[PDB]
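Coming up is one lone chain in structure tokens, specifically the form deposited without the partner chain.
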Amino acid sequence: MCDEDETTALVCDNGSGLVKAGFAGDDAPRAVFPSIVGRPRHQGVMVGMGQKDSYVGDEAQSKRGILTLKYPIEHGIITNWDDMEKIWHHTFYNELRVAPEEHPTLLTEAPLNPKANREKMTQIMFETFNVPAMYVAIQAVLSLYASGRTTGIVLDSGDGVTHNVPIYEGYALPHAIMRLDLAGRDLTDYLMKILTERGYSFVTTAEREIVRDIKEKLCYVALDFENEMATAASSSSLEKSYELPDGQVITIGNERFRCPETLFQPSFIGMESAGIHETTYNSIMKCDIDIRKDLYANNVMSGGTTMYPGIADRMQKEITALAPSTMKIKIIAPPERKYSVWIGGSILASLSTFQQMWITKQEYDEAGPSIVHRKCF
């Protein structure tokens, strides 16, 4: 433990839906909040307070209506630094409540994060928060480390992007990576769309939050879409009912699996691109035939959109259909995978060898934000 206190480090997962934040060596992040910044459209004040320049997080979310909400990360990439800086500030001083000049900080970047963004993100930590030291590691490589592998292939599927990331001996393979610009946000919108077909409606800014809730309770991936459709058409066996906050009850049927089916059939939301299974396969086919065996054996899921029931079974089937029938296919779907990335940082942060790795503010001041390219994978 901290038998003499070497300072507990911080771990920050910069999600495009949700930022995740806590202390190294804890087994869960303390603080998880929406990655939104909201500047006021109008001049005024909350009773008993002064005029604020910008809310963040749930404070922004609950004051939505008088703000211009902005997400500073789009599709896993940071687009808007002057807002990103406010999300880090809110993380440190409001959520973790720690002075960041005391604590080393480990940061997560999406796959293929362009060189300029990785620099800029280093520079803001050494010049705006004066942190003692910090480190940047690829979000999917941490989800693999959480599961206790160094070779594997992670489908990581969050709110704003989905990625297939073949990793070998701890490095993600750059070229083999597949993106897909479909994720849990689109699934929420598509679920609103299909739920309008039963005459339900979701205009009010409360109601779109309920639809995100329905998605992450009642949906699941069916193993055979057509047969499930037939089952749903013929029988009330699959229908579940959700109680809205006002006391009205709505029933969900084929929607339950139509929704995440879109990961296998992107064409349902009009995306002319291959489904998560084809993308998986393709990714593996881009890797050396030598290692494909390991990748097939160590397929891992990660991120909140992989939390559907049945999804590992459907991936087992679908990849078995595309693979040579000789291979041991294996899908791993850890129960915590909702936070596999964070936890992977937490673990990585806590290692005896790891606290030799990071860039110190000493090194930073001596070499500038270019050094982050020497001290990421």
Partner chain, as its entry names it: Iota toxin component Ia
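Residue numbers count along the first chain shown, from 1.
The next section is about a form of this same protein that is not shown, the form solved in complex with the partner chain.
- Residue contact check for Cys259: none of its heavy atoms lie within 4.5 Å of the partner chain in the bound PDB entry.
- Heavy atoms of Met178 reach within 4.5 Å of the partner chain in the bound PDB entry, making it an interface residue.
- If you take 256-294 and check each residue for a heavy atom within 4.5 Å of the partner chain in the bound PDB entry, you get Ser267, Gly270, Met271, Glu272, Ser273, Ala274, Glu278, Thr279, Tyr281, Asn282, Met285, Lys286, in sequence order.
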